[PDB]
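Here we start with a single chain on its own, the form deposited in one PDB entry, put down as structure tokens.
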């Protein structure tokens, strides 16, 4: 079988694109690119789309589980939050692509052990004032789930102990609940 069957992923994922157009509302600028649920289809999609290094400022990439929209209003997002990573212009050249791909691999590979059910998706923001990468979780009050994801994430990215990342509730964003 392995010689001809695609390798299924634990979850089905949806990749979203966002471009900032002042003529439209924020929700109207969200566009769904494609959905995938196999290892082969992910790499086909990833190799066909632009790297975030080469996106114009004001655009976003979002990878979310099928059934969860890239909105904080979503049922699985309103009571949750995100682990935030801030990038300067030097990091856009050095780390932007590596961190986003590692983020994608942490989602589709289910790298967070039992707490991978609390992951909702990931977002990279390409802005002129600085780039951001976030992993969204479903419940901000689950200290065990949120902090374990933060520890696994920070080690996966290779961040040194001198750097600290913060987790912010989406309700507050519209302060850091935890830091790791």
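Residue numbers count along the first chain shown, from 1.
Missing here is the form deposited with a partner chain bound; even so, the following discussion is about that form.
For the candidate spot formed by 84, 147 and 150, no residue has a non-hydrogen atom within 4.5 angstroms of the partner chain in the entry with it bound. In the entry with it bound, residue 40 approaches the partner chain with a heavy atom inside 4.5 Å. In the entry with it bound, no heavy atom of residue 27 sits within 4.5 Å of the partner chain. Using a 4.5 Å cutoff between non-hydrogen atoms, residue 71 does not count as a contact of the partner chain in the entry with it bound. Remark: residue 141 does not count among the residues lining the partner chain in the entry with it bound, judged by a heavy atom distance of 4.5 Å or less.
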